[PDB]
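> I need the structure of the sequence given here:
(one chain, ligands or ions: 4)
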Amino acid sequence: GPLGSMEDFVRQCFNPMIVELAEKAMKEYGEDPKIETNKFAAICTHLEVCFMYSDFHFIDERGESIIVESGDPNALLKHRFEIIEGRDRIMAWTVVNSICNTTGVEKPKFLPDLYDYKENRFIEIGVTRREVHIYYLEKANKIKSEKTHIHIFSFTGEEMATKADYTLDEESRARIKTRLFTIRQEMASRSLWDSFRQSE
Ligand SMILES: O=c1[nH]c(-c2ccc(-c3nnn[nH]3)cc2)c(Cc2cccc3ccccc23)cc1O
Ligand SMILES: [Mn+2]
Ligand SMILES: [Mn+2]
Ligand SMILES: [Mn+2]
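Numbers count the residues shown, from 1 in each chain. Ligands and ions are numbered 1, 2, ... in the order given. Okay, here it is:
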C-alpha cells in the first residue's frame, strides 16, 4: 500500500496532550519532531505507556491498592503512582525531591518515569523494538540505581522486569500490550513499521 507519513500517524493516533508533551520536549532538546519522526513516535509511545501504567490505580481509604476504571474515583482515594516522565526537567526534579522527602526513598541519579507509592520505589519504563533482555541490560547499566525498578515492554508482548517482579496485574499489562500491538499494526498498515523498527 501507499507509504504514509509518520508525523500524520503520530498526530492522528496519539492523544493531543501526549503529542504536545513529546513535541515540546524534543524542541527544547534541539531535535525537530518534523524530521526525527520515528523518534517522535517512540517518545509518544513511551509517554503513553507511562500514563497507561499509572491509569486507574489508586490507594484506597485503608491503604490497599485498588483499580477504579469508572469515571468517579471516590474522593478519598489517592493515585497509586506519581508520573515523572513528561515534565520539564525543573518540575521533574522538583517532584522527585518532594517524593524523597515525603517517603525517605533515596534520590535517583537520573530521572525515572514513575514512583509507586504502594511498592515504595521509582520505576524506569522502557519500550523497545529490539530484544527485551538486551534493552533491559542497557537500561540497568545506565542507571544502576539498584533501587529503581525497571519494567521493559516490547511491541510483540514480551516483558522483562527487575527480579521478575511485574508490579501490576495481568489485565493492566495486557492493556499496555494491546495498545503497543495496535500501534505496530497501524504503522504496518501505513508501511511505517519497517523504518520505525530498524530506527532503534
Ligand atoms: O525510557 C525512556 N526513553 C525515552 C526515549 C528516547 C528516545 C527514543 C527513540 N526511539 N527512536 N529514536 N529515539 C525512545 C524513547 C525517553 C525520552 C527522552 C529521553 C532523553 C531525552 C529526551 C529529550 C527530549 C525528548 C525525549 C527524551 C524517556 C525515557 O524514560
Ligand atoms: Mn484524580
Ligand atoms: Mn523517562
Ligand atoms: Mn523510560
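> What ranges does this protein have for its helices?
6-13, 16-28, 37-54, 89-103, 132-143, 170-189, 193-198 (DSSP state H).
> Turn these into TSV, columns for mean neighbour count and distance to ligand 1.
For every residue, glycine as well, the C-beta is placed using N, CA and C. Output for the helices of the chain, formatted as TSV (neighbours: other Cβ atoms under 10 Å; distance: least, Cβ to the nearest ligand atom, whole Å):
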stretch	mean neighbour count	distance to ligand 1
helix 6-13	17	11
helix 16-28	16	4
helix 37-54	22	3
helix 89-103	13	9
helix 132-143	15	7
helix 170-189	16	13
helix 193-198	15	8
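> Please identify which of those helices is closest to ligand 4.
Across the helices of the chain, the minimum distance to ligand 4, taken as Cβ to the ion, is reached by helix 37-54, at 5.7 Å.
> In a markdown table: the helices of the chain, plus distance to residue 153.
Below are the helices of the chain laid out as a markdown table (distance: least, Cβ to Cβ, whole Å):
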| stretch | distance to residue 153 |
| --- | --- |
| helix 6-13 | 18 |
| helix 16-28 | 16 |
| helix 37-54 | 6 |
| helix 89-103 | 21 |
| helix 132-143 | 8 |
| helix 170-189 | 6 |
| helix 193-198 | 15 |
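> can you tell which of these is closest to ligand 3?
For ligand 3, the closest of the helices of the chain is helix 37-54, at 7.3 Å, according to Cβ to the ion.
> For residue 65, give me its contacts.
For residue 65, the contact set (Cβ atoms under 8 Å, 6 or more residues apart in numbering) comprises 57, 58, 59, 80, 118.
> Okay, the closest residue to the third one other than its chain neighbours and residue 69: tell me how far apart.
When you say that, I think you mean residue 59. In space, residue 59 comes closest to residue 78 once its chain neighbours are excluded; the distance is 4.5 Å by Cβ to Cβ, 6 or more residues apart in numbering. For residue 78, the distance to residue 69 (Cβ to Cβ, to the nearest Å) stands at 17 Å.
> Not counting sequence-adjacent ones, nearest residue to the most centrally placed residue in the chain?
Geometric centre of the chain, nearest residue: residue 50, 2.7 Å, by Cα atoms, centre = their mean. Counting by Cβ to Cβ, 6+ apart, residue 50 lies nearest to residue 85, which is 4.6 Å off, once chain neighbours are set aside.
> From what I see, the one you found and residue 125 are in contact.
Yes. Using Cβ atoms under 8 Å, residue 85 is in contact with residue 125, at 7.3 Å.
> Need the residues touching each of those two.
46, 50, 113, 114.
> Report the separation between residue 56 and residue 168.
The gap separating residue 56 from residue 168 is 10 Å, by Cβ to Cβ.
> For residue 57, which residues count as its bridge partners?
Assessed by DSSP bridges, residue 57 has beta-bridge partners residue 67.
> Kindly confirm whether my reading is correct that it touches residue 169.
No. Counting by Cβ under 8 Å, residue 57 sits too far from residue 169 to count as a contact (9.4 Å).
> That'll do, ta.
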